[PDB]
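Only one structure is covered here, and it is reproduced in the block below.
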Amino acid sequence: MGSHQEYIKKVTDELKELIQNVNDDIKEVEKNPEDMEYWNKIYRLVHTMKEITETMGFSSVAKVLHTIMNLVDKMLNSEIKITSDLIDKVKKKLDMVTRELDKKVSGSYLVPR
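Okay, so the sequence shown: first residue is 1 according to the entry's author numbering, each after it adds one.
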């Protein structure tokens, strides 16, 4: 393989740090739901996670991050508004990214082969 494995190693653990930063930011949104500055950060950090899993080829993982992109994009506009429980949906999906990385060693996403 004509690729640097050392790069993939870094990107894997930077993803855990990114999940930590976003879940810490979501704590401050549970405090201030209508904080568009915090949702600006979370959108752009989840964008970086999405780009990572798309460049790894994981469409199932990328789908989870792709839901957050659309979700938070709409939060920026008062037309849709930020529901308190909806912030918990963002959090729970972002929590799931770690548990979805747990499948990364297997790769058997329901298909027989």
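All C-beta atoms, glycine included, are put in the ideal place defined by N, C-alpha and C.
Name the two residues that bound the continuous alpha helix (DSSP H) containing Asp25. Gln5 to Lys31
Straight-line CA distance for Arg44 to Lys93? 16 Å
- Assign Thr53 to buried or exposed, taking buried as 16 or more other Cβ atoms, counted over all protein chains shown, within 10 Å of its Cβ. Under a 10 Å Cβ-count criterion, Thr53 is classified as buried, with 16 or more other Cβ atoms of the shown protein chains found around its own Cβ.
**Asked** Taking the alpha-carbon positions, what's the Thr83 to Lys74 distance?
**Response** 12 Å
Note to self: If I follow the unbroken alpha helix (DSSP H) through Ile52, where does it start and stop?
What the structure shows: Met36 to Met56
Quiz item: So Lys91 and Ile26 are in contact, right, with Cβ under 8 Å, and what is the actual spacing, rounded?
Solution: 5 Å
Worksheet item: Are the beta-carbon atoms belonging to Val97 and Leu65 less than 8 Å from one another?
Response: yes
Checklist entry - In its own chain, which residues sit with a C-beta less than 6 Å from the C-beta of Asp95, not counting the 5 before and 5 after it? => result none
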